[PDB]
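Coming up are structure 1 and structure 2: the same protein chain in two forms, each one given alone as structure tokens.
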Structure 1
């Protein structure tokens, strides 16, 4: 007997997955959607624990805006709402070098898609952490009302991105990518946070106080 509340994925709080020792699991339980088919508990647990490093207030903002992060075992291009992407080149890549079938995450909308097993840099993407980076796009556009376009953030990007991402074209030259990757550096580990602080101290302070910038 399979309920329709699980047919298209399972909200984490309804999944039976044990997350009682994860910080902010009461909020993440209403944001994260896990697969309704077999999946790796280790991969989901690591992803959710990385998301749990985020300031609780920001997670509450995401939940109150009804942003969801759906963890997939399948490619994004098997989801009906992404099926038009099958076999197509993603913008910014040379055709033949990449297809959307190989892109493991998409952020920006109220539904963030993250394929499990692809978190680390180079696994189909160039971010230090796929789930933080993709979620940050949705935070940027929805919670923070395109904060990467503000005068203050634009000035931080101009002054500090050349110091932090001199060799990483997308993060250097796209303000929304600079925002999302700076967010990931702040939250993925103490080491990456201190790297951000040393190379881009005003950006570090901006991310640190991000929760006070919502709309």
Structure 2
């Protein structure tokens, strides 16, 4: 079922924006790892508060799981199916540790870093960025502005990576993760794709 972070026993007052994340994040009802949950929440806490507040206004939740995402009712229908953009026969949704784009983001604890069932630099930021794109910013990856940034700069940050060069919504979610994962990755984004950096930066102003 899950418990809201604000209703759990986890202490989070030193986590930035804990009041808004307390209403967004859902942690498991069953024994999980306090370190993995704390690192995932503090990473989400790097997001500008205006964006997090808009997510709460749109009733977006981020549920942290200790099991495959397809065990949850919301994603059960994806069992046995190839994820969008994946080569057939290389993966099913049951093996995917995170999913975003709707009002309930699912993120499996312990699979945040690259290679842990996925190829993102940060699973929770990538998955959450999908819901921000589709719900909070009304499919902003489809705007003419973002389409121009994607065609020009996606090859600069993800050269010869068909996944990001084919799906602009995927370029958005991973650029969002680069912006918020660390000072280093944000600088990488700023150096290789300065217009994309500026676009992600302006999201906090769009959310207010």
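Numbering follows the first chain given and starts at 1. For clarity, a rigid core is taken as the largest C-alpha set superposing within 1.5 Å between two forms.
Of the residues 117, 90, 108, 126, exactly one exceeds or equals a 2 Å C-alpha shift between structure 1 and structure 2 once the rigid core is aligned, and that residue is 90. Structural comparison between structure 1 and structure 2 after rigid-core fitting shows the C-alpha of residue 170 displaced 1.1 Å. Comparison between structure 1 and structure 2 places the CA of residue 81 2.7 angstrom away from its other position, after core fitting.
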